[PDB]
Amino acid sequence: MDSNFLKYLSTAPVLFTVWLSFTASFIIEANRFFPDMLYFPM
Amino acid sequence: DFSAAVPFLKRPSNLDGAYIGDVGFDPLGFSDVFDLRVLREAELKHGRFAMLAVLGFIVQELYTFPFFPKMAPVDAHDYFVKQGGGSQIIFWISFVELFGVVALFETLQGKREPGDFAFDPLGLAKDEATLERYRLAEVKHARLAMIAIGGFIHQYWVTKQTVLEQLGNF
Amino acid sequence: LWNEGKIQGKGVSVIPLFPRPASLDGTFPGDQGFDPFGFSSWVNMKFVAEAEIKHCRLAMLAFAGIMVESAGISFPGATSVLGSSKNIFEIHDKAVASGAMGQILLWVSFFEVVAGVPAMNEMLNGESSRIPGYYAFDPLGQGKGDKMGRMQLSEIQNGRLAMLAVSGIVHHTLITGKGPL
Amino acid sequence: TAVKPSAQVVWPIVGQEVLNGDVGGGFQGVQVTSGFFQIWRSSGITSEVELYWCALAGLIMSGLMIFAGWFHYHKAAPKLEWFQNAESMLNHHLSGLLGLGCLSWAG
Amino acid sequence: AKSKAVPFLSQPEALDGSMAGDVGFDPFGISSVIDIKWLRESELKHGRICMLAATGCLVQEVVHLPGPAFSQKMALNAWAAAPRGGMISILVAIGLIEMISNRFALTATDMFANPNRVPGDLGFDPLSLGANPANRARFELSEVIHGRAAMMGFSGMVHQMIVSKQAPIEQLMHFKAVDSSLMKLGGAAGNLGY
Amino acid sequence: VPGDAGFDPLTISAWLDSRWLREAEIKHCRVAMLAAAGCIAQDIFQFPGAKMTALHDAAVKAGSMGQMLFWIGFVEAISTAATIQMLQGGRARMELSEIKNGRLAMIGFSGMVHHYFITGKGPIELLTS
Ligand code: CLA
Ligand code: CLA
Ligand code: CLA
Ligand SMILES: CCCCCCCCCCCCCCCCCC(=O)OC[C@H](CO[C@@H]1O[C@H](CO)[C@H](O)[C@H](O)[C@H]1O)OC(=O)CCCCCCCCCCCCCCCCC
Ligand SMILES: CCCCCCCCCCCCCCCC(=O)OC[C@H](COP(=O)(O)OC[C@@H](O)CO)OC(=O)CCCCCCCCCCCCCCC
Ligand SMILES: CC1=C(C#C/C(C)=C/C=C/C(C)=C/C=C/C=C(C)/C=C/C=C(\C)C#CC2=C(C)C[C@@H](O)CC2(C)C)C(C)(C)C[C@H](O)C1
Ligand SMILES: CC1=C(C#C/C(C)=C/C=C/C(C)=C/C=C/C=C(C)/C=C/C=C(\C)C#CC2=C(C)C[C@@H](O)CC2(C)C)C(C)(C)C[C@H](O)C1
Ligand SMILES: CC1=C(C#C/C(C)=C/C=C/C(C)=C/C=C/C=C(C)/C=C/C=C(\C)C#CC2=C(C)C[C@@H](O)CC2(C)C)C(C)(C)C[C@H](O)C1
């Protein structure tokens, strides 16, 4: 793959948007399968 | 100056006959805009899918596996959508296409021919000369099968008969 | 014998229709220059040669076994435990249930684990320079000069014939539904 | 007059599926107020299949405009004397753009 | 200069045929991005856990520790039935093994800080079975291949335990095929939720 | 240059390319020749199992006109490439003959279609009646 396109995907806004979308995506998936977690269950 | 296929049209600048099966046919000028390597990747991939599909039709009317129900190929598309085997085939095609994306990156980087996967298990290509002859045959068969599969599916859509039964009847 | 150039030799094609491959040299026994798919170029020749001879020996034993059972020839008391039918498929299923096939499987597998795999690996690695298929088994001789040429060629050709015959015999029995002889 | 326009459905994630309210017509979704339903009825669409064909027509136009921007910056970029044709541009944007736009829409 | 594993790709750098199982397979070019020492440490670690995990699934099918808490033929049920105190004891012991065996060089910034440190060599040879130098090439190859195989096999067995709620050996011996009425893949967004 | 009787009274050639005009004239010629030969042919004989303008209307329902449009459109798309390239960048007698016969066929077909609007008859029918 092109090194300049990979250096573009390494830029701060792309990584910030991808990382916070990935972060948002596993918060969404964890709240989908295991919803209503007001507490650590113990 | 002019195209071998279309005498009155000029030969496209990017079409120099380097790719086998070239006859200068590009009136709409897609090679003046896009990379020919990518376009030959796409031509050979569409054609190989079409060739496998036309053999897919013919064999599927002639025989079907005992564990699968007997039915028409478009009905087979819908059955394997709902059954799971279509998703299997899509997954494994997608899995191979991952390394196909890597392969296309190798073509763009100059280090691979557009249709070469070095897939010669049966060693049918002996030297360069027969490889060129087979390659021209492959592109010609690929293009012919692209037109043929479109005919087989469209004829089924119009007349609800399979290709072998449509030759057999009428 | 070896008879290089006539059979088991360079420049020798059983079928001229298929061209003699450069990759297939004349050194291996019973080499008749038959390699349309050109496996010889990329395969390890020692492995495929040893595999060929082992398949041949299994097939020749298979042909003799199918012939004896199809003829109804049996060892004393064997018909009582195993299937009375002379169908090879029926006898095999009955032999599995008796445990005869399991005992044969156990010992054949044991030989392959303790002897077949070391011999194969050492031949391929280069530890003993074993000739493919050699298991040092000449109880009544017949080896030496005869083994180098005629016996090696006779074993390879008879075994190829047996492999084809056993294949034919089982599919004949399947389509017909009745055993041969 | 009874069904409320709605063209947005939310996923059930964190209790947010309460936003799929009962807009009517055996449907739950977010009520939309852009007036597209009234536009489509004015166009005579009367089918969701034709709305799929309009979505594909918009997608094809979106691809053609992003291609044209690439083409006209990187392959064939007009010179300044092309852009400084206010008479030609006005003739075409009055006659061609607005005029054939109205004529084709009236048709 | 092409790969032997994938003949139409270029042979990846940091893959020079020195390592065991170095057949030239890195299509995605992770070795060009991630140092091959870390990747071989991680490959050996995944495979060794998977070799035990594959053996674990099959052996737990055959033999059990005594008691009702260890009587789960199906392996995914043993996860829940086994005493929690002991499973967390296993987890803590694994963490201790990781800190001592890696010698407090655990991160991707300080493992292999010692130039003597070799990918996968944690100093584990209790019975000195690698004392013979000649077998080292074969053993390292056969460890890597056994590891890879066990990664593929354990992955299969888990996902076959999910599909068919059956342990792997008695799923082979009481095989019932996939009906496709249930276990459909995906579908969370096709029906728009629910 | 062929068929030059010095006949350009409105001087169209001054304000449009002579190549585009000649392409239009020759394409109109050929199409009109096929059309005029067609008009007389429909009355003279009918292909087995088968009106100047109404028959077109019947054919579009049968899809006969639609298939002809699609295939002519494909050839025409290649012809559009040819016209753009031409604009960008015995036999002599025959070129003049083709242009004159095509001009006669343009008027010929024009007459046949207006005859059809008048008497509702094909060109052979007009001669017959
Ligand atoms: C009659 C010819 C014609 C037409 C239709 C247009 C149309 C347009 N020009 Mg103009 N332009 C023309 C001639 C024409 N131009 C000439 C001669 C010059 C040179 C002086 C320019 C110089 C010029 C500049 C410098 C700019 C434009 C811009 C624009 C766009 C304005 C934004 C808008 O409302 O688009 C939305 C409306 C639409 C209808 C979108 C449709 C898009 C296509 C191109 C319209 C035509 C399609 C086709 C002809 C229709 C075939 C019908 C068929 C189905 C039967 C619009 C697409 C501006 C722009 O946005 O650049 C992109 C701009 O900066 N033009
Ligand atoms: C941020 C920009 C923006 C956005 C998101 C919208 C969003 C919307 N507009 Mg509005 N609009 C805007 C700017 C915007 N508008 C501006 C700047 C104008 C002034 C030109 C208008 C004028 C306008 C009209 C007149 C109409 C909308 C309508 C709509 C709705 C449907 C979208 C659609 O398909 O329009 C489709 C548009 C139509 C179907 C009618 C178009 C008629 C106009 C006159 C076409 C003119 C085109 C021409 C190129 C303009 C050139 C400018 C001129 C001065 C030279 C939607 C709520 C429609 C609506 O509210 O329906 C409920 C509607 O009728 N818009
Ligand atoms: C600090 C030391 C310590 C102490 C006091 C305990 C105390 C306890 N453990 Mg824990 N445990 C420890 C360390 C310790 N554990 C470590 C380091 C591990 C991880 C390897 C475990 C893993 C473990 C498991 C998995 C289980 C316990 C259980 C128990 C309880 C019942 C013990 C019993 O009945 O023993 C009498 C029984 C025996 C002595 C039987 C021993 C069985 C054989 C030897 C196991 C085979 C070993 C196997 C080969 C492991 C090799 C790997 C290892 C060398 C790393 C008891 C509370 C059990 C429990 O909670 O039950 C309620 C339980 O399920 N322990
Ligand atoms: C110092 C250590 C010494 C150890 C010595 C022992 C170990 C030596 C090595 C052993 C290696 C394994 C050998 C087998 C051991 C068990 C033997 C045994 O009885 O097994 C036990 C089982 C059979 O189990 C049988 O069960 C019957 C009742 O149902 C009987 O009554 C007996 O219980 C028993 O014989 O064996 C098998 O299932 C074999 C399956 C087939 C294996 C391959 C057969 C040969 C290859 C041809 C197959 C071609 C297939 C082509 C494709 C077909 C697709 C349908
Ligand atoms: C090296 C390790 C290799 C791992 C190989 C993976 C094997 C299993 C992969 C899927 C198997 C077949 C899938 C068919 C199943 C399938 O396609 O279902 C379809 C599903 C979407 O649902 P639909 O729109 O299809 O609904 C369709 C209707 O028919 C039913 O309502 O697609 C998905 O998005 C599910 C996958 C989650 C996507 C995100 C995954 C997590 C992201 C993690 C980061 C990226 C990882 C890779 C992402 C691709
Ligand atoms: C679903 C299913 C199976 C299947 C399947 C599969 C995978 C089928 C795959 C089918 C495929 C990939 C078909 C590809 C078609 C491409 C075509 C026809 C291109 C046309 C372009 C043309 C004519 C042109 C051109 C141009 C050129 C070059 C130059 C330009 O300047 C100008 C111009 C535009 C004129 C099967 C069937 C086996 C049965 C099974 O039970 C169910
Ligand atoms: C670290 C890491 C890796 C790894 C790894 C992994 C995943 C390792 C997993 C290791 C495991 C599973 C260890 C299990 C130990 C089990 C024990 C001690 C059982 C004790 C039973 C008892 C005390 C009892 C009892 C009794 C009770 C109470 C009551 C009765 O009614 C029942 C009973 C009679 C039985 C490796 C090595 C691969 C590589 C690398 O280096 C990195
Ligand atoms: C190094 C060291 C030593 C040591 C040691 C140790 C602990 C050695 C242990 C090594 C082990 C445990 C190796 C196990 C490998 C398992 C594999 C490859 C399984 C693959 C399964 C597959 C492919 C499958 C499958 C399947 C599928 C999915 C479908 C299923 O229905 C069924 C099926 C099962 C057929 C010691 C301690 C002696 C000292 C020495 O000084 C140094």
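Within each chain the first residue of the written sequence is number 1 and the count goes on from 1 in that order, possibly differing from the entry; residues lacking coordinates are omitted. Ligands are numbered from 1 and chains lettered from A, in the order in which they are written. Here we see only some chains of a larger assembly; the values are for those chains and no others. Water and hydrogen atoms were dropped before computing side-chain values, which therefore reflect all heavy atoms in the structure. Residues with missing side-chain atoms are left out of burial classes, side-chain pairs and their counts.

S.K.: Mind showing me how you'd approach the pattern of salt bridges here?
M.R.: Should their charged atoms come close, side chains of opposite charge can pair. We define a salt bridge as a side-chain nitrogen of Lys or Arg found within 4 Å of a carboxyl oxygen belonging to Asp or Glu. Inspection of every chain in the model, using the stated rule, returns 29 salt bridges over all chains. With a shortest N-O distance of 2.9 Å, E:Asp179 and E:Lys176 are connected by a salt bridge. Between F:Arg103 and F:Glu25 there is a salt bridge, and its shortest N-O distance comes to 2.8 Å. Any residue under 20% of the maximum accessible area for its type is buried, any over 50% is exposed, and the rest in between are partly exposed; the area is computed with a 1.4 Å probe on protein chains only. For F:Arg103, a relative accessible area of 25% translates into the label partly exposed.

S.K.: What exactly am I supposed to notice about the packing of helix α1 (residues 36–62) of chain B against helix α4 (residues 128–158) of chain B here?
M.R.: Each packed pair of helices is defined by two parameters, the angle between the axes and the distance between the axes. Residues and elements named next belong to chain B. Only the stretch in contact is used when fitting a helix axis, every axis being a line fitted to C-alpha atoms; angles between N-to-C directions are given from 0 to 180 degrees. Where helices and strands are cited, they refer to DSSP runs of H or I of at least four residues and of E of at least two residues respectively, numbered from the N terminus. Close contact between α1 and α4 brings their axes to 7 Å; oriented N to C, the two are set at 55°. Judged by the angle between their axes, α1 and α4 are oblique. α4 is crossed by α1, and the crossing has left-handed handedness. Only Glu138, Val139, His141, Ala142, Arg143, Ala145, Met146, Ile149, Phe152 and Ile153 of α4 make contact with α1, whose side of the interface consists of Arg40, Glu43, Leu44, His46, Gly47, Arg48, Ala50, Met51, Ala53, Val54, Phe57 and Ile58. Comment on the angle field: the value is read as roughly parallel under 35 degrees, roughly antiparallel over 145, roughly perpendicular from 65 to 115, and oblique elsewhere. The sense of a crossing depends on the near helix, which, turned anticlockwise from the far helix by less than a right angle, makes the crossing left-handed and, turned clockwise, makes it right-handed. Whether two residues are in contact is decided by their heavy atoms, any of which lying within 4.5 Å being enough.

S.K.: What is the right way to read the site of ligand 8 from this model?
M.R.: Residue and element names in this part refer to chain E. Around ligand 8, 18 residues are found, and the nearest of them are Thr55, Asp125, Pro126, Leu127 and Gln160. Here an oxygen atom of ligand 8 sits 3.4 Å away from a polar atom, N or O, in the main chain of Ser128. Polar contact is the term for a pair of N or O atoms within 3.5 Å; when the atoms are in protein, one must be able to donate a hydrogen and the other to accept it, and sequence-neighboring residues count only if both atoms are side-chain atoms. Within the backbone of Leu129, one N or O atom sits 3.5 Å away from an oxygen atom of ligand 8. Computed by Shrake-Rupley with a 1.4 Å probe, the accessible areas treat only the displayed protein chains as cover when residues are assessed. For ligand 8, whose unbound accessible area comes to 1,000 Å², protein coverage reaches 58%. Every element with two or more residues in the shell around ligand 8 is listed here: α1 (36–62), α4 (136–163) and α5 (168–173). Amino acid classes used here: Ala, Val, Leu, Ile, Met, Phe, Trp, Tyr, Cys and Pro are nonpolar; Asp, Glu, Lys and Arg are charged; the rest, including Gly, are polar. By residue class, the composition of the shell around ligand 8 is 11 nonpolar, six polar and one charged. We define proximity as follows: a residue is near a molecule or strand when any one of its heavy atoms falls within 4 Å of that partner.

S.K.: In this structure, what is going on with the site of ligand 2? I would like to understand it.
M.R.: By nearness alone, every residue bordering ligand 2 is listed as D:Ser34, D:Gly35, D:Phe36, D:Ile39 and D:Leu98. Grouping the constituent residues of the shell around ligand 2 by class yields three nonpolar, two polar and no charged.

S.K.: For this particular structure, what's the right way to read the environment of D:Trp11?
M.R.: Take D:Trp11: it is sitting in the loop between β1 (6–8) and β2 (21–22). On a C-alpha basis, the gap between D:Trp11 and D:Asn91 in space is 50 Å, while along the polypeptide they are 80 residues apart. Ignoring any residue separated from it by four or fewer positions in sequence, one finds D:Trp11 in contact with D:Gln16, D:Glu17, E:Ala189, E:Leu192 and E:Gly193.

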